[PDB]
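Report on one structure; see the data block that follows.
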Amino acid sequence: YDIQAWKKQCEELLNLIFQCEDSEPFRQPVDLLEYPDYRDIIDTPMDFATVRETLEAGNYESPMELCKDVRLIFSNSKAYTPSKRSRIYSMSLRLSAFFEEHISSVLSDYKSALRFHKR
Ligand SMILES: COCCNC(=O)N1CCN(C(=O)c2ccc(C)o2)CC1
């Protein structure tokens with residue numbers, strides 16, 4: 001029933017993601033010299049360094065907010081990909097499965113802890 005526990009859980013999940021080769025494309029911003037049309041397709045860039053920095057700045061109130069930004073990384077990859085069999089998109093889908101597998105308990109425990117606080 002620890003209402004704060006999600007934050008370290010998210011820090012340790014981001015550490016796992018940063019160790020994962022599938023996160024390589026999603027750590028830092030997209031260079032427009034390399035993808036000149038990226039912002040013609042993607043309105044709101046997002047990457048795992050920005051998620052980690054937002055977390056470490058104390059600028060997430062809940063793991064749901066972190067989960068919306070992580071999911072935006074994946075939806076951007078799906079929107080930008082020219083093919084569902086692209087290398088970078090294919091890395092996004094595996095990383096997304098890994099992230100959803102690990103975040104499900106973090107969200108559950110947080111919401112459980114809030115409910116207990118409100119009881
Ligand atoms: C080493 O990473 C450098 C920073 N990252 C990127 O440059 N990008 C990551 C995001 N992204 C895509 O999701 C995507 C889908 C299909 C294709 C071709 O790219 C565009 C490339």
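When a ligand or atom number is given, it counts from 1 through the structure's own listing order. FYI, the numbering just counts along the sequence from 1. Values below: every heavy atom of this structure, side chains too, minus hydrogens, waters and symmetry copies.
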* Report yes or no: do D37 and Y80 form a side-chain donor-acceptor pair below 3.5 Å? => yes
* Results of side chain to side chain donor-acceptor pair (under 3.5 Å) for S23 - residues two or more places apart only -> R27
* Structure fact -> Looking only at heavy atoms, the pair that brings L13 and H102 closest together is CD1-CB, 3.5 Å
* Hydrophobic side-chain clustering at under 4.5 Å (ILVMFWY, transitive links): who's grouped with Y1? Put none if nobody. => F116
* Structure fact -> Applying side chain to side chain donor-acceptor pair (under 3.5 Å) to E100 and not counting sequence neighbours gives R71
Quick one: table the atom pairs, ligand 1 N or O against protein N or O, below 3.5 Å, distance rounded to 0.1 Å.
from, atom 1, to, atom 2, distance (Å)
ligand 1, 5 (N), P25, O, 2.7
ligand 1, 13 (O), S77, OG, 2.8

* Asked: So, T81 side chain and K78 main chain: donor-acceptor pair closer than 3.5 Å or not?
  -> no
